[PDB]
file upload-v6.csv (CSV, C-alpha atoms and all ligand atoms)
chain,number,residue,atom,x,y,z
A,1,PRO,CA,93.3,109.8,111.5
A,2,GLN,CA,90.5,110.0,108.9
A,3,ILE,CA,91.5,110.9,105.4
A,4,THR,CA,89.1,112.1,102.7
A,5,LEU,CA,89.9,111.7,99.0
A,6,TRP,CA,89.2,115.2,97.5
A,7,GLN,CA,92.9,115.5,97.1
A,8,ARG,CA,95.6,112.8,96.9
A,9,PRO,CA,96.1,111.0,100.2
A,10,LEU,CA,99.7,112.1,100.7
A,11,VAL,CA,101.5,111.7,104.0
A,12,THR,CA,105.0,112.1,105.4
A,13,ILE,CA,107.0,109.0,105.8
A,14,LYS,CA,110.4,108.5,107.5
A,15,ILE,CA,112.9,106.1,106.1
A,16,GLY,CA,116.7,105.9,106.4
A,17,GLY,CA,116.5,109.0,108.7
A,18,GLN,CA,114.9,111.0,105.9
A,19,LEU,CA,111.4,112.6,105.5
A,20,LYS,CA,109.7,112.0,102.2
A,21,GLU,CA,106.1,112.3,100.9
A,22,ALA,CA,104.2,109.1,99.9
A,23,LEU,CA,100.8,108.2,98.5
A,24,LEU,CA,98.5,105.9,100.6
A,25,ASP,CA,97.4,103.6,97.8
A,26,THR,CA,94.8,100.8,98.3
A,27,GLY,CA,95.2,99.8,94.7
A,28,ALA,CA,98.9,98.9,95.1
A,29,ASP,CA,99.7,95.4,96.3
A,30,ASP,CA,103.2,96.5,97.3
A,31,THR,CA,105.1,99.5,98.5
A,32,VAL,CA,107.5,101.1,95.9
A,33,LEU,CA,109.7,104.2,96.5
A,34,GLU,CA,111.7,106.3,94.1
A,35,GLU,CA,115.4,105.5,93.6
A,36,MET,CA,117.3,105.7,96.9
A,37,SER,CA,119.9,103.7,98.8
A,38,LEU,CA,118.8,101.0,101.3
A,39,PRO,CA,120.9,98.5,103.3
A,40,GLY,CA,121.4,94.9,102.6
A,41,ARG,CA,121.0,92.7,99.5
A,42,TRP,CA,118.1,93.0,97.1
A,43,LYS,CA,116.1,90.6,95.0
A,44,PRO,CA,114.6,91.3,91.5
A,45,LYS,CA,110.9,91.8,91.0
A,46,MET,CA,108.6,92.9,88.2
A,47,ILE,CA,105.5,94.9,89.1
A,48,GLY,CA,102.7,95.7,86.6
A,49,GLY,CA,100.6,98.8,86.6
A,50,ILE,CA,98.2,100.4,84.1
A,51,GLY,CA,100.9,101.2,81.6
A,52,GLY,CA,102.9,98.0,81.7
A,53,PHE,CA,105.7,96.6,83.9
A,54,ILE,CA,108.8,98.0,85.5
A,55,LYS,CA,111.8,96.3,87.1
A,56,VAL,CA,112.3,97.1,90.7
A,57,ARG,CA,114.7,96.1,93.5
A,58,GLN,CA,113.1,94.3,96.5
A,59,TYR,CA,114.5,94.9,100.0
A,60,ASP,CA,113.1,93.0,103.0
A,61,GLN,CA,112.5,93.9,106.7
A,62,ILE,CA,112.9,97.7,106.1
A,63,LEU,CA,111.9,100.1,108.9
A,64,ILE,CA,109.6,102.8,107.7
A,65,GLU,CA,107.5,105.3,109.7
A,66,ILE,CA,104.2,106.3,108.2
A,67,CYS,CA,102.4,109.2,109.9
A,68,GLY,CA,104.1,108.3,113.1
A,69,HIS,CA,103.3,104.6,112.8
A,70,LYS,CA,106.3,102.3,112.7
A,71,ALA,CA,106.2,99.5,110.2
A,72,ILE,CA,108.8,96.9,109.1
A,73,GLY,CA,108.3,95.1,105.8
A,74,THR,CA,109.1,94.7,102.2
A,75,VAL,CA,110.0,97.9,100.2
A,76,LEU,CA,110.5,98.0,96.5
A,77,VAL,CA,112.8,100.6,94.9
A,78,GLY,CA,112.6,101.7,91.2
A,79,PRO,CA,111.4,104.2,88.5
A,80,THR,CA,108.0,104.8,90.1
A,81,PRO,CA,106.4,108.2,89.4
A,82,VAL,CA,105.8,108.9,93.1
A,83,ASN,CA,106.4,107.1,96.4
A,84,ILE,CA,103.6,104.6,97.0
A,85,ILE,CA,102.6,102.9,100.3
A,86,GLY,CA,100.7,99.8,99.2
A,87,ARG,CA,98.6,97.2,101.0
A,88,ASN,CA,101.5,95.2,102.5
A,89,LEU,CA,102.3,98.2,104.8
A,90,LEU,CA,98.8,99.7,105.0
A,91,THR,CA,97.6,96.5,106.8
A,92,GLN,CA,100.5,96.9,109.3
A,93,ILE,CA,99.3,100.3,110.4
A,94,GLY,CA,95.7,99.1,110.5
A,95,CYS,CA,94.4,101.2,107.6
A,96,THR,CA,90.9,100.5,106.4
A,97,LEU,CA,88.5,101.9,103.7
A,98,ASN,CA,85.2,103.1,105.1
A,99,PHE,CA,81.9,104.5,103.6
B,1,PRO,CA,80.9,99.1,105.3
B,2,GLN,CA,84.5,98.8,106.5
B,3,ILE,CA,87.0,97.2,104.1
B,4,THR,CA,90.3,95.7,105.4
B,5,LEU,CA,93.3,95.5,103.0
B,6,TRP,CA,94.5,91.9,103.5
B,7,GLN,CA,93.2,91.4,100.0
B,8,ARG,CA,92.6,93.7,97.1
B,9,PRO,CA,89.5,95.8,97.8
B,10,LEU,CA,87.2,94.6,95.0
B,11,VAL,CA,83.5,95.4,94.9
B,12,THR,CA,80.6,95.0,92.5
B,13,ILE,CA,79.6,98.0,90.4
B,14,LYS,CA,76.7,98.6,88.1
B,15,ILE,CA,77.3,100.7,85.0
B,16,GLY,CA,75.2,100.7,81.8
B,17,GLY,CA,73.0,98.0,83.3
B,18,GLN,CA,76.0,95.8,83.4
B,19,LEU,CA,77.5,94.3,86.6
B,20,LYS,CA,81.3,94.3,87.0
B,21,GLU,CA,84.0,93.9,89.6
B,22,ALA,CA,86.2,96.9,90.4
B,23,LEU,CA,89.1,98.0,92.6
B,24,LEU,CA,88.6,100.8,95.1
B,25,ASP,CA,91.8,102.6,94.4
B,26,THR,CA,92.8,105.7,96.6
B,27,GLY,CA,96.0,105.9,94.5
B,28,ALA,CA,94.0,106.5,91.3
B,29,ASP,CA,93.0,110.1,90.4
B,30,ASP,CA,90.4,109.0,87.8
B,31,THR,CA,88.2,106.0,87.2
B,32,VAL,CA,89.1,103.7,84.3
B,33,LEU,CA,87.2,100.6,83.1
B,34,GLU,CA,88.1,98.0,80.5
B,35,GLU,CA,86.9,98.4,76.9
B,36,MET,CA,83.1,98.8,76.8
B,37,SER,CA,80.4,100.7,75.1
B,38,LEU,CA,79.0,103.9,76.6
B,39,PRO,CA,76.5,106.5,75.3
B,40,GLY,CA,77.4,110.1,74.3
B,41,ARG,CA,80.4,111.8,72.9
B,42,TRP,CA,83.9,111.1,74.3
B,43,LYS,CA,87.3,112.9,74.3
B,44,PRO,CA,90.8,111.3,74.0
B,45,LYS,CA,93.0,111.3,77.0
B,46,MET,CA,96.3,110.0,78.2
B,47,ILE,CA,96.7,108.7,81.7
B,48,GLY,CA,99.9,107.6,83.3
B,49,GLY,CA,100.7,105.1,86.0
B,50,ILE,CA,103.3,102.4,86.8
B,51,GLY,CA,104.6,101.3,83.4
B,52,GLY,CA,103.8,104.4,81.5
B,53,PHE,CA,100.8,105.9,79.8
B,54,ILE,CA,97.8,104.5,77.9
B,55,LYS,CA,95.3,106.2,75.7
B,56,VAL,CA,91.7,106.1,76.9
B,57,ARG,CA,88.3,107.5,75.9
B,58,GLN,CA,86.8,110.0,78.3
B,59,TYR,CA,83.1,110.1,79.0
B,60,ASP,CA,81.5,112.7,81.3
B,61,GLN,CA,78.4,112.6,83.5
B,62,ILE,CA,78.2,108.8,83.7
B,63,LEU,CA,76.0,107.2,86.3
B,64,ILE,CA,77.6,104.4,88.4
B,65,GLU,CA,76.5,102.3,91.3
B,66,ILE,CA,79.2,101.3,93.8
B,67,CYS,CA,78.0,98.9,96.5
B,68,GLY,CA,74.5,100.2,96.3
B,69,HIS,CA,75.6,103.8,96.3
B,70,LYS,CA,74.9,105.9,93.3
B,71,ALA,CA,77.6,108.3,91.9
B,72,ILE,CA,78.0,110.5,88.9
B,73,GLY,CA,81.3,111.4,87.3
B,74,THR,CA,83.8,111.2,84.5
B,75,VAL,CA,84.6,107.7,83.5
B,76,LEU,CA,87.6,106.6,81.3
B,77,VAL,CA,87.5,103.5,79.1
B,78,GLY,CA,90.6,101.8,77.7
B,79,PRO,CA,93.1,99.0,77.8
B,80,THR,CA,93.3,98.7,81.6
B,81,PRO,CA,93.9,95.2,82.9
B,82,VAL,CA,91.5,95.8,85.8
B,83,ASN,CA,88.5,98.0,86.5
B,84,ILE,CA,89.5,100.9,88.7
B,85,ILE,CA,87.3,103.2,90.8
B,86,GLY,CA,89.4,106.3,91.5
B,87,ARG,CA,89.1,109.3,93.8
B,88,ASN,CA,86.7,111.3,91.5
B,89,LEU,CA,84.0,108.7,92.4
B,90,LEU,CA,85.2,107.4,95.8
B,91,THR,CA,84.6,110.9,97.2
B,92,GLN,CA,80.9,110.8,96.0
B,93,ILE,CA,80.1,107.7,98.0
B,94,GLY,CA,81.8,109.2,101.1
B,95,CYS,CA,84.8,106.8,101.1
B,96,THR,CA,87.6,107.6,103.6
B,97,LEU,CA,90.9,106.0,104.7
B,98,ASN,CA,91.1,105.4,108.4
B,99,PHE,CA,93.9,104.3,110.8
A,101,LIG,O1,99.0,100.2,89.3
A,101,LIG,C1,98.4,99.8,90.3
A,101,LIG,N1,98.8,98.8,91.1
A,101,LIG,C2,99.9,98.0,91.0
A,101,LIG,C3,101.1,98.3,91.9
A,101,LIG,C4,101.6,99.6,92.3
A,101,LIG,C5,102.8,99.7,93.2
A,101,LIG,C6,103.4,98.4,93.6
A,101,LIG,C7,102.9,97.1,93.2
A,101,LIG,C8,101.8,97.1,92.3
A,101,LIG,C9,101.1,95.9,91.7
A,101,LIG,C10,99.7,96.5,91.3
A,101,LIG,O2,98.8,96.3,92.3
A,101,LIG,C11,97.1,100.6,90.6
A,101,LIG,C12,96.1,100.4,89.7
A,101,LIG,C13,95.3,99.1,89.7
A,101,LIG,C14,96.0,97.9,89.0
A,101,LIG,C15,96.1,96.6,89.7
A,101,LIG,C16,96.7,95.5,89.1
A,101,LIG,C17,97.2,95.6,87.7
A,101,LIG,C18,97.1,96.8,87.0
A,101,LIG,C19,96.5,98.0,87.6
A,101,LIG,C20,97.5,102.1,91.0
A,101,LIG,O3,96.8,102.6,92.2
A,101,LIG,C21,98.9,102.6,91.1
A,101,LIG,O4,99.4,102.1,92.3
A,101,LIG,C22,99.0,104.2,91.0
A,101,LIG,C23,100.3,104.8,91.4
A,101,LIG,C24,100.4,106.2,91.8
A,101,LIG,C25,100.6,107.3,90.8
A,101,LIG,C26,100.1,108.6,91.0
A,101,LIG,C27,100.3,109.7,90.1
A,101,LIG,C28,101.0,109.5,88.8
A,101,LIG,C29,101.5,108.2,88.5
A,101,LIG,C30,101.3,107.1,89.5
A,101,LIG,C31,98.6,104.7,89.6
A,101,LIG,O5,99.0,104.1,88.5
A,101,LIG,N2,97.9,105.9,89.5
A,101,LIG,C32,97.4,106.7,88.4
A,101,LIG,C33,96.1,106.4,87.8
A,101,LIG,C34,95.4,105.1,87.8
A,101,LIG,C35,94.1,105.0,87.2
A,101,LIG,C36,93.5,106.1,86.5
A,101,LIG,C37,94.2,107.4,86.5
A,101,LIG,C38,95.5,107.5,87.1
A,101,LIG,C39,96.2,108.5,87.2
A,101,LIG,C40,97.1,108.3,88.3
A,101,LIG,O6,96.8,108.5,89.3
call {"tool": "encode", "arguments": {"input": "upload-v6.csv", "output": "structure tokens"}}
result
Amino acid sequence: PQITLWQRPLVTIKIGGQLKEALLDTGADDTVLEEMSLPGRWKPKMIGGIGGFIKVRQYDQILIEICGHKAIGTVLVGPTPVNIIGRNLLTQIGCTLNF
Amino acid sequence: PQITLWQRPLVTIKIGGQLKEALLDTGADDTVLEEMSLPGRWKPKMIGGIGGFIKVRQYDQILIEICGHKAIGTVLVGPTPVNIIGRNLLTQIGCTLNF
């Protein structure tokens, strides 16, 4: 699909059998979701944004469906203000910026 | 042009006769640039992202060139680690997300 930017590019994603809303963010290197439970062990990671850094839990090889597109990659979990789909997953679904 | 997301989507912008590098960020509501001098009156504003909030100076009706495309809009200036071109200006150049 083609998404304009007059409003936030929010889409529905499916993870752990649940539907959630997430932001398609080309300015995010990684994908970070709000506190939730995921399977397996996690590794520590620090990510920095415009206001500073936050500690997040990194889970690998996680299945996530974005607008019907299945992706499997690294997902970070932590105190993010909203669910963010970053470049690591955007590339998997073949998302590009056009103008 | 078409921009893939294997790397950060950085482009050259022209503002105040100065050339700079900035991130095309669909996850950013506004446009924020590192500390610089701009003409006119400004208003204080607080913007939040990953890490928390930062205080910036808001300037309206600023002209900016993004990849040869002219755009007019509100520009925020503050302690951002990277120059960010947000949705308020991406819409003006006809930028869309496609997959
Ligand atoms: O921090 C970022 N990337 C980092 C990131 C994010 C997730 C995972 C990893 C990493 C690493 C970085 O790339 C970039 C900036 C570039 C940047 C790159 C590198 C270093 C520092 C900054 C950014 O797109 C953020 O992902 C979004 C998150 C979405 C959000 C929406 C609404 C309220 C709060 C948050 C954000 O903070 N948005 C807000 C914003 C930004 C600028 C001006 C105004 C406003 C208002 C908000 O909309």
call {"tool": "residues_around", "arguments": {"input": "upload-v6.csv", "residues": "segment 12-27 of chain B", "least_positions_apart": "6", "cutoff": "6 Å", "atoms": "only C-alpha atoms", "output": "count of residues only"}}
result
11
call {"tool": "residues_near_ligand", "arguments": {"input": "upload-v6.csv", "ligand": "ligand LIG 101 (chain A)", "cutoff": "6 Å", "atoms": "all atoms listed in the file", "output": "ChimeraX atom specification"}}
result
/A:25,27-32,47-50,81-82 /B:25,27-32,47-50,81-82
call {"tool": "atom_distance", "arguments": {"input": "upload-v6.csv", "atom1": "atom CA of residue 96 of chain B", "atom2": "atom CA of residue 67 of chain B"}}
result
14.8 Å
call {"tool": "calpha_fit_and_write", "arguments": {"input": "upload-v6.csv", "fixed": "chain A", "moving": "chain B", "output": "PDB file with C-alpha atoms, in the frame of the given file"}}
result
ATOM      1  CA  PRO B   1      93.267 110.133 111.588  1.00  0.00           C
ATOM      2  CA  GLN B   2      90.538 110.142 108.935  1.00  0.00           C
ATOM      3  CA  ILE B   3      91.593 110.986 105.365  1.00  0.00           C
ATOM      4  CA  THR B   4      89.015 112.224 102.786  1.00  0.00           C
ATOM      5  CA  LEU B   5      89.721 111.633  99.051  1.00  0.00           C
ATOM      6  CA  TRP B   6      89.007 115.074  97.536  1.00  0.00           C
ATOM      7  CA  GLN B   7      92.733 115.169  96.993  1.00  0.00           C
ATOM      8  CA  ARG B   8      95.376 112.531  96.652  1.00  0.00           C
ATOM      9  CA  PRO B   9      96.055 111.003 100.075  1.00  0.00           C
ATOM     10  CA  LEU B  10      99.696 112.029 100.584  1.00  0.00           C
ATOM     11  CA  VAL B  11     101.467 111.722 103.917  1.00  0.00           C
ATOM     12  CA  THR B  12     104.976 112.110 105.284  1.00  0.00           C
ATOM     13  CA  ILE B  13     107.048 108.970 105.788  1.00  0.00           C
ATOM     14  CA  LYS B  14     110.387 108.396 107.393  1.00  0.00           C
ATOM     15  CA  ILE B  15     112.655 105.761 105.878  1.00  0.00           C
ATOM     16  CA  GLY B  16     116.455 105.522 106.264  1.00  0.00           C
ATOM     17  CA  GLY B  17     116.397 108.698 108.336  1.00  0.00           C
ATOM     18  CA  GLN B  18     115.070 110.466 105.342  1.00  0.00           C
ATOM     19  CA  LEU B  19     111.675 112.252 105.189  1.00  0.00           C
ATOM     20  CA  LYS B  20     109.529 111.811 102.058  1.00  0.00           C
ATOM     21  CA  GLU B  21     106.004 112.264 100.801  1.00  0.00           C
ATOM     22  CA  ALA B  22     104.019 109.168  99.825  1.00  0.00           C
ATOM     23  CA  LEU B  23     100.630 108.063  98.502  1.00  0.00           C
ATOM     24  CA  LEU B  24      98.445 105.796 100.607  1.00  0.00           C
ATOM     25  CA  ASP B  25      97.401 103.497  97.850  1.00  0.00           C
ATOM     26  CA  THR B  26      94.747 100.689  98.570  1.00  0.00           C
ATOM     27  CA  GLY B  27      95.062  99.728  94.873  1.00  0.00           C
ATOM     28  CA  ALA B  28      98.767  98.890  95.288  1.00  0.00           C
ATOM     29  CA  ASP B  29      99.737  95.357  96.449  1.00  0.00           C
ATOM     30  CA  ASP B  30     103.336  96.357  97.329  1.00  0.00           C
ATOM     31  CA  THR B  31     105.145  99.486  98.396  1.00  0.00           C
ATOM     32  CA  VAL B  32     107.452 101.146  95.859  1.00  0.00           C
ATOM     33  CA  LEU B  33     109.654 104.235  96.375  1.00  0.00           C
ATOM     34  CA  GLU B  34     111.722 106.237  93.916  1.00  0.00           C
ATOM     35  CA  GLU B  35     115.416 105.423  93.415  1.00  0.00           C
ATOM     36  CA  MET B  36     117.266 105.520  96.758  1.00  0.00           C
ATOM     37  CA  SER B  37     119.879 103.746  98.711  1.00  0.00           C
ATOM     38  CA  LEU B  38     118.965 101.046 101.225  1.00  0.00           C
ATOM     39  CA  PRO B  39     121.076  98.626 103.319  1.00  0.00           C
ATOM     40  CA  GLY B  40     121.236  94.824 102.779  1.00  0.00           C
ATOM     41  CA  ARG B  41     120.910  92.536  99.862  1.00  0.00           C
ATOM     42  CA  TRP B  42     118.085  92.982  97.309  1.00  0.00           C
ATOM     43  CA  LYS B  43     116.333  90.770  94.694  1.00  0.00           C
ATOM     44  CA  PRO B  44     115.073  91.821  91.200  1.00  0.00           C
ATOM     45  CA  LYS B  45     111.401  92.014  90.636  1.00  0.00           C
ATOM     46  CA  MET B  46     108.894  93.041  88.051  1.00  0.00           C
ATOM     47  CA  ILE B  47     105.739  94.825  89.030  1.00  0.00           C
ATOM     48  CA  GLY B  48     102.912  95.735  86.751  1.00  0.00           C
ATOM     49  CA  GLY B  49     100.368  98.510  86.789  1.00  0.00           C
ATOM     50  CA  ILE B  50      98.656 100.934  84.363  1.00  0.00           C
ATOM     51  CA  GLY B  51     101.116 101.286  81.484  1.00  0.00           C
ATOM     52  CA  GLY B  52     102.910  98.054  81.923  1.00  0.00           C
ATOM     53  CA  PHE B  53     105.697  96.711  84.060  1.00  0.00           C
ATOM     54  CA  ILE B  54     108.895  98.171  85.546  1.00  0.00           C
ATOM     55  CA  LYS B  55     111.869  96.485  87.061  1.00  0.00           C
ATOM     56  CA  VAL B  56     112.524  97.255  90.720  1.00  0.00           C
ATOM     57  CA  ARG B  57     114.894  96.176  93.501  1.00  0.00           C
ATOM     58  CA  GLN B  58     113.294  94.320  96.374  1.00  0.00           C
ATOM     59  CA  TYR B  59     114.419  94.827  99.933  1.00  0.00           C
ATOM     60  CA  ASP B  60     112.945  92.870 102.867  1.00  0.00           C
ATOM     61  CA  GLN B  61     112.486  93.736 106.541  1.00  0.00           C
ATOM     62  CA  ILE B  62     112.714  97.511 106.071  1.00  0.00           C
ATOM     63  CA  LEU B  63     111.600  99.789 108.852  1.00  0.00           C
ATOM     64  CA  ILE B  64     109.229 102.654 107.864  1.00  0.00           C
ATOM     65  CA  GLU B  65     107.373 105.323 109.725  1.00  0.00           C
ATOM     66  CA  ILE B  66     103.985 106.346 108.307  1.00  0.00           C
ATOM     67  CA  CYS B  67     102.377 109.290 110.107  1.00  0.00           C
ATOM     68  CA  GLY B  68     104.100 108.452 113.318  1.00  0.00           C
ATOM     69  CA  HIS B  69     103.288 104.785 113.055  1.00  0.00           C
ATOM     70  CA  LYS B  70     106.082 102.339 112.717  1.00  0.00           C
ATOM     71  CA  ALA B  71     105.841  99.407 110.196  1.00  0.00           C
ATOM     72  CA  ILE B  72     108.106  96.717 108.920  1.00  0.00           C
ATOM     73  CA  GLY B  73     107.879  95.139 105.496  1.00  0.00           C
ATOM     74  CA  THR B  74     109.172  94.549 102.016  1.00  0.00           C
ATOM     75  CA  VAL B  75     109.955  97.703 100.192  1.00  0.00           C
ATOM     76  CA  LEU B  76     110.559  98.024  96.373  1.00  0.00           C
ATOM     77  CA  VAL B  77     112.788 100.712  94.869  1.00  0.00           C
ATOM     78  CA  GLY B  78     112.690 101.736  91.208  1.00  0.00           C
ATOM     79  CA  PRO B  79     111.649 104.157  88.534  1.00  0.00           C
ATOM     80  CA  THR B  80     108.244 105.039  90.016  1.00  0.00           C
ATOM     81  CA  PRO B  81     107.103 108.592  89.404  1.00  0.00           C
ATOM     82  CA  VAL B  82     105.643 108.794  92.919  1.00  0.00           C
ATOM     83  CA  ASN B  83     106.267 107.155  96.274  1.00  0.00           C
ATOM     84  CA  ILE B  84     103.628 104.543  96.955  1.00  0.00           C
ATOM     85  CA  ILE B  85     102.638 102.926 100.263  1.00  0.00           C
ATOM     86  CA  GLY B  86     100.780  99.729  99.348  1.00  0.00           C
ATOM     87  CA  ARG B  87      98.660  97.208 101.226  1.00  0.00           C
ATOM     88  CA  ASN B  88     101.650  95.199 102.666  1.00  0.00           C
ATOM     89  CA  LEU B  89     102.346  98.246 104.923  1.00  0.00           C
ATOM     90  CA  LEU B  90      98.901  99.908 105.160  1.00  0.00           C
ATOM     91  CA  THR B  91      97.672  96.792 106.990  1.00  0.00           C
ATOM     92  CA  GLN B  92     100.481  97.187 109.653  1.00  0.00           C
ATOM     93  CA  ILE B  93      99.355 100.649 110.654  1.00  0.00           C
ATOM     94  CA  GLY B  94      95.709  99.458 110.860  1.00  0.00           C
ATOM     95  CA  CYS B  95      94.487 101.406 107.783  1.00  0.00           C
ATOM     96  CA  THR B  96      90.905 100.656 106.625  1.00  0.00           C
ATOM     97  CA  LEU B  97      88.511 101.960 103.937  1.00  0.00           C
ATOM     98  CA  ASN B  98      85.217 103.119 105.316  1.00  0.00           C
ATOM     99  CA  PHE B  99      81.878 104.211 103.746  1.00  0.00           C
TER     100      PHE B  99
END
call {"tool": "residues_around", "arguments": {"input": "upload-v6.csv", "residues": "segment 73-75 of chain A", "least_positions_apart": "3", "cutoff": "7 Å", "atoms": "only C-alpha atoms", "output": "PyMOL selection string"}}
result
chain A and resi 31-32+58-63+89
call {"tool": "residues_around", "arguments": {"input": "upload-v6.csv", "residues": "residue 5 of chain A", "least_positions_apart": "4", "cutoff": "9 Å", "atoms": "only C-alpha atoms", "output": "PyMOL selection string"}}
result
(chain A and resi 9) or (chain B and resi 26+87-88+90-91+94-97)
call {"tool": "atom_distance", "arguments": {"input": "upload-v6.csv", "atom1": "atom CA of residue 92 of chain A", "atom2": "atom CA of residue 76 of chain A"}}
result
16.3 Å
call {"tool": "closest_residue", "arguments": {"input": "upload-v6.csv", "among": "B:52, B:71, B:42, B:36", "to": "chain A", "atoms": "only C-alpha atoms"}}
result
B:52
call {"tool": "atom_distance", "arguments": {"input": "upload-v6.csv", "atom1": "atom CA of residue 77 of chain B", "atom2": "atom CA of residue 8 of chain B"}}
result
21.1 Å
call {"tool": "closest_residue", "arguments": {"input": "upload-v6.csv", "among": "B:43, B:69, B:51, B:78", "to": "chain A", "atoms": "only C-alpha atoms"}}
result
B:51
call {"tool": "build_atoms", "arguments": {"input": "upload-v6.csv", "residues": "segment 24-38 of chain A", "atoms": "N, CA, C and O atoms", "output": "compact mmCIF listing (two decimals), keeping the file's coordinate frame"}}
result
# COMPACT_ATOMS: atom_id res chain seq x y z
N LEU A 24 99.14 107.06 99.97
CA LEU A 24 98.50 105.90 100.60
C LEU A 24 97.63 105.32 99.43
O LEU A 24 96.61 105.90 99.06
N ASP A 25 98.06 104.17 98.92
CA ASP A 25 97.40 103.60 97.80
C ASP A 25 96.81 102.16 97.94
O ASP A 25 97.51 101.15 97.88
N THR A 26 95.49 102.10 98.14
CA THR A 26 94.80 100.80 98.30
C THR A 26 94.81 99.97 97.04
O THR A 26 94.50 98.78 97.09
N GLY A 27 95.16 100.57 95.91
CA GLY A 27 95.20 99.80 94.70
C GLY A 27 96.55 99.21 94.37
O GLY A 27 96.72 98.54 93.36
N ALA A 28 97.50 99.45 95.26
CA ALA A 28 98.90 98.90 95.10
C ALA A 28 99.08 97.73 96.03
O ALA A 28 98.92 97.85 97.25
N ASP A 29 99.44 96.59 95.47
CA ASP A 29 99.70 95.40 96.30
C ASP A 29 100.93 95.61 97.16
O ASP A 29 100.97 95.18 98.31
N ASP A 30 101.95 96.25 96.58
CA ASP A 30 103.20 96.50 97.30
C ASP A 30 103.55 97.94 97.46
O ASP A 30 102.86 98.82 96.98
N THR A 31 104.64 98.17 98.18
CA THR A 31 105.10 99.50 98.50
C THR A 31 106.36 99.75 97.59
O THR A 31 107.31 98.97 97.63
N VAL A 32 106.34 100.81 96.79
CA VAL A 32 107.50 101.10 95.90
C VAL A 32 107.87 102.60 96.10
O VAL A 32 107.03 103.50 96.05
N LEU A 33 109.16 102.82 96.32
CA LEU A 33 109.70 104.20 96.50
C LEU A 33 110.64 104.54 95.36
O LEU A 33 111.18 103.67 94.66
N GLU A 34 110.83 105.84 95.18
CA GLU A 34 111.70 106.30 94.10
C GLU A 34 113.17 105.96 94.48
O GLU A 34 113.51 105.75 95.65
N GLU A 35 114.00 105.89 93.45
CA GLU A 35 115.40 105.50 93.60
C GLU A 35 116.04 106.12 94.85
O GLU A 35 116.02 107.33 95.07
N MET A 36 116.62 105.24 95.66
CA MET A 36 117.30 105.70 96.90
C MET A 36 118.18 104.51 97.31
O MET A 36 118.17 103.44 96.71
N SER A 37 118.97 104.74 98.35
CA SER A 37 119.90 103.70 98.80
C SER A 37 119.34 103.10 100.12
O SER A 37 119.00 103.80 101.07
N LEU A 38 119.27 101.77 100.13
CA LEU A 38 118.80 101.00 101.30
C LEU A 38 119.87 100.00 101.64
O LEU A 38 120.69 99.66 100.80
